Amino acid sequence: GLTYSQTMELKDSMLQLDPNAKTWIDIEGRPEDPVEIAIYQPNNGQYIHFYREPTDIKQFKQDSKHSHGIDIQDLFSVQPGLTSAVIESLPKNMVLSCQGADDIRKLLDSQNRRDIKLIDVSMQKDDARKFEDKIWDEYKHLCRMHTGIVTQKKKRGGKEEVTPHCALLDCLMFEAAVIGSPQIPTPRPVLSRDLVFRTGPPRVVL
């Protein structure tokens, strides 16, 4: 998990959240084994966004080809323990919005955060992703972790390539769907990249 210094930095960083403001949450991976988590406050634009290495490789491989397109190699360097550290530091009695609440509920309960309430916006998937193209063109630079080709089943059978699901860009596009417009206040990351990622391989001297 986190060093004492990292834990202080994280807690200080999270004091930026308005504990009573509209806050989206989306995860990729099962609640027992999440890989990408995003918490996003649209009125001020702040978001918490980080990753986690999977423990179930078989399920991950499925989610990669059919949902999020993350290459497991790119998760080896991410900082462990952020999922529990972040969730434990969320303000008491916070109220979070999501598209499908069942998985989020389980994750929060697994962390003993029953005080945190959920609003399931429960849009149809077509409605929820109306502005998917627009959000990705504007904000794809905020997450470059979805490198694999993703395919899903077409409505009447067969398969097609789709845009990968990203926990962060999903929150952004869900907000856009709700307000009927892709114009949101500029999103800004709350966490430093040096907290989300471990140092990584030394630079090749060129």
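Each residue number is its position in the shown sequence, starting from 1. The term rigid core refers to the most C-alpha atoms you can superpose between the two forms while keeping them within 1.5 Å.
Colleague: May I ask which stretch, 193-201 or 178-186, sits farther from the shown form in 5 other deposited structures of this protein once every structure is superposed on the core, judging by RMS CA distance?
Modeller: Larger mean C-alpha displacement, comparing 193-201 and 178-186 in 5 other deposited structures of this protein, is found in 193-201.
Colleague: Do a third or more of the other compared entries leave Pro34 out of the model?
Modeller: Residue status for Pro34: no gap in any other entry.
Colleague: How about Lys58: is it missing in a third or more of the other compared entries?
Modeller: Negative; every one of those entries includes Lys58.
Colleague: Out of 60-68 and 155-163, which one has CA B-factors that are higher on average in the deposited record?
Modeller: According to the PDB entry, the answer is 155-163.
Colleague: Out of 49-57 and 173-181, which one has CA B-factors that are higher on average in the deposited record?
Modeller: It is 173-181.
Colleague: Going by the deposited entry, which of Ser122, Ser84, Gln79, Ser110 has the highest CA temperature factor?
Modeller: Out of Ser122, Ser84, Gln79, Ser110, the record gives the largest C-alpha B-factor to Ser122.
Colleague: Which of these, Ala128, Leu75, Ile104, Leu96, has its C-alpha atom at the highest B-factor, as the entry lists it?
Modeller: Answer, based on the entry's C-alpha B-factors: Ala128.
Colleague: Please say which third, lowest, middle or highest, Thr7 falls into when its CA temperature factor is compared across its chain.
Modeller: It belongs to the lowest third of the chain when residues are ordered by C-alpha B-factor.
Colleague: What third of its chain, lowest, middle or highest, does the C-alpha temperature factor of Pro189 fall into?
Modeller: As the PDB entry reports it, the C-alpha B-factor of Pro189 lands in the lowest third of its chain.
Colleague: Using the temperature factors of the C-alpha atoms in this entry, rank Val196 within its chain: lowest, middle or highest third.
Modeller: For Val196, whose C-alpha B-factor we compare with every modelled residue in the chain, the answer is the lowest third.
Colleague: Among the modelled residues of this chain, does the Cα B factor of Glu32 put it in the lowest, middle or highest third?
Modeller: Tercile = middle for this residue's CA B-factor.
Colleague: Could you tell me which third, lowest, middle or highest, the C-alpha B-factor of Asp137 occupies within its chain?
Modeller: For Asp137, whose C-alpha B-factor we compare with every modelled residue in the chain, the answer is the highest third.
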